[PDB]
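> Once you've had a glance at the structure underneath, I'll fire off some questions.
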Ligand SMILES: *[C@@H]1O[C@H](CO)[C@@H](O)[C@H](O)[C@H]1NC(C)=O
Ligand SMILES: *[C@@H]1O[C@H](CO)[C@@H](O)[C@H](O)[C@H]1NC(C)=O
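Protein chains in written order, with the UniProt record's numbering: chain A, 924 to 1020; chain B, 536 to 584; chain C, 827 to 874; chain D, 343 to 390; chain E, 197 to 244.
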């Protein structure tokens, strides 16, 4: 009993004092956050269009001269989603395991 | 406070406009969020934010 | 430390300052959403 | 409608500012062969 | 830059005899003008 009550005591003291104890769980929250922050950061890319902003194309070009620019942003943003969903699908398998 | 199709100076978009507390310095006209999307503007006629 | 749990982002905060300091309003505003787990942090504590 | 232009070698520049531009005047003129643009489409120039 | 010249500036009181102060502050813009010239060289101006 005294050895058990002491050991359950050290569990509190260890978790309370150290920074690292939950690192395996913090690393999941961090990877989930990082990938969403990256998927947002990707939206700022031109991919070779005259703007990263969809409205700044549609407010500067006509209904034909825009389509090539917009298709660049579609291709880049769609490949950004296929990357994210591949990362998260593969990651899911790690969490399942 | 209503959803609207705004244009300021050619910065076309869609949103609810609202009164800001962001301390824009006299030289500034737009303010941006992490995503590189505008989320504040100084109105070109009456210079409130 | 949690990057949200999908709870009640009813623009009472996500309109105003916190929309500038918190990444998660920018994620929301770009069509990325976080959804709650079925079992609450109280129900997992009950099963435990 | 400047009387005499500059030579291509010594090309002139004007700063145009603090004024309203109505490019539809220029585009609605028959006078031009050439009215070609590289980061905007001419009918949109008036909306901007 | 590319057919503009511009000035950024700040004022701060400090009590250091002959050295540039440890600390941090950033310079706000004060003017821009489109002089558009081949600058190479510069000098300062002062009074008795
Ligand atoms: C233009 O805007 C100013 C404020 O910047 C306003 O005082 C003025 O009345 C406006 N001009 C006219 C002709 O009303
Ligand atoms: C500016 O003038 C100097 C001195 O004649 C010359 O060496 C330099 O190449 C010039 N640069 C430009 C951009 O005209």
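Ideal placement from N, C-alpha and C gives every residue a C-beta, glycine not left out.
By DSSP's criteria, residue 202 of chain E is part of a beta bridge. Which residues make up the other side?
As a position in the fifth chain, residue 202 of chain E is number 6, starting the count at 1. E:228, per the DSSP bridge assignment.
> Does residue 956 of chain A have its Cβ less than 8 angstroms from a Cβ in chain C?
For the purposes of this step, residue 956 of chain A is taken as the residue at position 33 of the first chain. Chain C contact via Cβ: present.
> Check whether chain A comes within 8 angstroms of residue 378 of chain D, counting only Cβ atoms and requiring the distance to be less than that.
Taking the fourth chain and counting its residues from 1, the one referred to as residue 378 of chain D is at position 36. Closer than 8 angstroms: no.
> Beta carbon of residue 982 of chain A, beta carbon of residue 547 of chain B: below 8 angstroms?
Looking up residue 982 of chain A in the first chain gives position 59. Looking up residue 547 of chain B in the second chain gives position 12. Cβ atoms of residue 982 of chain A and residue 547 of chain B: closer than 8 angstroms.
> Check whether the Cβ of residue 581 of chain B lies closer than 7 angstroms to any heavy atom of ligand 1, and answer yes or no.
Counted from its first residue, the second chain places residue 581 of chain B at position 46. Flag set: Cβ of residue 581 of chain B near ligand 1.
> Which residues in chain C have a C-beta closer than 9 angstroms to the C-beta of residue 952 of chain A? List them in chain order.
Numbered from its first residue, the first chain carries residue 952 of chain A at position 29. Here the neighbours are 827, 828, 829.
> Any idea what DSSP makes of residue 575 of chain B, helix, strand or coil?
Locating residue 575 of chain B in the second chain gives position 40, counting from the first residue. Residue 575 of chain B: strand per DSSP, three-state reduction.
> Would you mind stating whether residue 553 of chain B and residue 540 of chain B have Cβ atoms separated by less than 8 angstroms?
Counting from one through the second chain, the residue named residue 553 of chain B turns up at place 18. Counting from one through the second chain, the residue named residue 540 of chain B turns up at place 5. It is not a contact, given that the beta carbons lie outside the stated cut-off.
> Counting only Cβ-Cβ distances shorter than 8 angstroms, please list the residues of the stretch 974-986 of chain A near chain D, keeping chain order.
Flagged, chain order: 982, 983, 984, 985.
> Specify the secondary structure class of residue 847 of chain C as computed by DSSP and reduced to three states.
Position 21 of the third chain holds residue 847 of chain C. In the structure shown, residue 847 of chain C sits in a helix (DSSP, three-state: H, G or I).
> Report all residues from its chain with a CB closer than 6 angstroms to the CB of residue 223 of chain E; omit the five preceding and five following residues, and keep chain order.
For this step, residue 223 of chain E is matched to residue 27 along the fifth chain. Here the set comprises 204, 205, 206.
> Check the Cβ of residue 389 of chain D against every Cβ in chain H and list those closer than 8 angstroms, keeping chain order.
The structure shown contains no chain H; its protein chains are A, B, C, D and E.
> Please compile the residues from chain D whose C-beta is within a distance smaller than 8 angstroms of the C-beta of residue 988 of chain A.
Counting from one through the first chain, the residue named residue 988 of chain A turns up at place 65. The answer, in chain order, is 383.
> Please return the same chain residues whose Cβ sits closer than 6 angstroms to the Cβ of residue 965 of chain A, not counting the five positions on each side in sequence.
As a first step, residue 965 of chain A must be located in the first chain, where it is residue number 42. For residue 965 of chain A, where only same-chain residues beyond five positions count, the Cβ hits under 6 angstroms are 1003.
> Can you check the stretch 972-1014 of chain A for any alpha helix (DSSP H) of at least 4 residues that lies completely inside it and give the ranges in chain order?
You should have 977-981.
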